[PDB]
């Protein structure tokens, strides 16, 4: 019923050579990297307890994935006919997808653990239940990768004059569930093993970054302004509370209690909590941000800046009126053009600097360096570093595993049995699959190295680890 091809199924020898080189390099480098990670974790008995066990599980998944995926695909590219038997035809995809699941789940859980270790307002602590979590990860991985070991089989055929022994997921199946699995395996993999953890870790990372922004601006304004839980009359002669939250310009302390209760949602009697002050400060921050974007003098400057410099500008808009910050047309010009040091020297000459030198110096340092170094302590900074490293790792994953999934999706979406010259697309997909294997093994190889990349602790570990 389907006509044959005038064009053959072929792979150019140039791609064969270059891809074998790439695959061999990836294999050796990944073996070495994951083995060294495991060795330094094994010799590190003091840090054996902690989140290091998730690194151990991730490296184990990486090493297993490399060991199973690289040589068999090298052989499939070279010998183009395999003698290992239906035992291996069922065994290989099983362990392969099990290792894929181990890697995915362990990396996602590491990123979630890093979101947990940085945040506040948490539980008691991580200590013990994460090992049961490792058992769950490996068990769910092995269970999910079972339809692979059930549906694969070896078939033979006489093709254009040759007796071929093909190992594949059988296009016809005994179970009705296995038929649906053969139909939608690529969709299942693309959703669960790629889209799901990518989106979950992206949600967690966005949550973490917003939480960090709020807590850091709270720390900054606490240091610069001051935290008072009881009503007081500020310098300009008006009642306020919290972190400089004006209640009313009218001289009635009772009419100020009225507005305070109207804001907090309870009978306060002029006294609030540290966390209620934090919620009110978040409300004030959001109100300032919304007002700034309605000021044509301040809106493009705000839209130009990053998060930390936005927070410094919000600090300034807290201290002085919105029009007061609008009165800095020169320094705002320099900040919008990202001329940091010149804006610093121009702000250090203002009246605002001379009246409030401490706050001015810290805000100007924030503008120049673009960091929270003036306010926060080093524990928070190391936590941020580690979290951002793990997130960059999930990004490396999401970009390395995309081509293989996309090649499978293209095979599912564009193949038409009736086309005579479809074998062009077939050879194309062959090259794409042999490239996607390399990309996946490259991610699972660079996990330890890319962890070394943007983390000082793992840079030190990579420096020290040598022979044994």
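Numbering follows the first chain given and starts at 1.
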Between residue 290 and residue 291, count the deposited residues left without coordinates and pick a bin: none, 1 to 3, 4 to 9, 10 or more.
none
Which has higher Cα B-factors on average according to the PDB entry: 215-223 or 100-108?
100-108
Given 110-118 and 158-166, the range whose Cα B-factors average higher in the PDB entry
110-118
Please pick out which of 282, 252, 355, 336 has the largest Cα B-factor as recorded in the entry.
252
Candidate set 124, 305, 348, 145 [ranked by C-alpha B-factor, highest]:
124
Once the chain's modelled residues are ordered by C-alpha B factor and cut into thirds, is residue 367 in the lowest, middle or highest one?
lowest
Split the chain's modelled residues into thirds by Cα B-factor; residue 313 lands in the lowest
Of the three thirds of its chain by CA temperature factor, lowest, middle or highest, which one includes residue 276?
middle
Considering only modelled residues of the same chain, in which third does the CA B-factor of residue 382 rank: lowest, middle or highest?
middle
Compared with the other modelled residues in the chain, in which third is the CA B-factor of residue 133?
highest
